[PDB]
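First comes one chain, alone, set out as structure tokens in the form solved without its partner chain.
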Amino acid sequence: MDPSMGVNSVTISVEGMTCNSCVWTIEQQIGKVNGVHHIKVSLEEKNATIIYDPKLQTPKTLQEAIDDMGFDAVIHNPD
């Protein structure tokens, strides 16, 4: 019904985080950063893609939440 009635998705390329602590620290950070209806990070697939509310948030906080955690982030969705 509402997989994303009023939200958007963003995929961030990541690197240098091939250790559990990067998926539980980026999933816990992005997942609870603001409104992440679904967050998918993968220390081995080297990417972090999630969904967020573009009405109150945007891919700048997802880039600030990945930049805040400490992992090379190269989002390839809007740009």
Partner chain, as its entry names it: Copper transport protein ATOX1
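Residue numbers count along the first chain shown, from 1.
Form deposited with its partner chain bound: not shown, discussed below.
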>> Can you confirm whether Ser13, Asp53 and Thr61, the three residues that make up this candidate site, all sit within 4.5 Å of its partner chain in the deposited complex, judged by heavy atoms?
In response: no
>> Check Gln57 for me: does it contact its partner chain in the deposited complex (non-hydrogen atoms, 4.5 angstroms)?
In response: no
> Do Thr25 and its partner chain share at least one heavy atom pair within 4.5 Å in the deposited complex?
Replying inline: yes
>> Just checking whether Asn47 would be counted as a contact of its partner chain in the deposited complex - the rule being heavy atoms within 4.5 angstroms.
In response: no
>> Please tell me whether any heavy atom belonging to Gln29 falls inside 4.5 Å of a heavy atom of its partner chain, as the geometry stands in the deposited complex.
In response: yes
> What residues of 54 to 71, in sequence order, lie within 4.5 Å of its partner chain in the deposited complex by heavy atom?
Replying inline: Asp67, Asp68, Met69, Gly70, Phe71
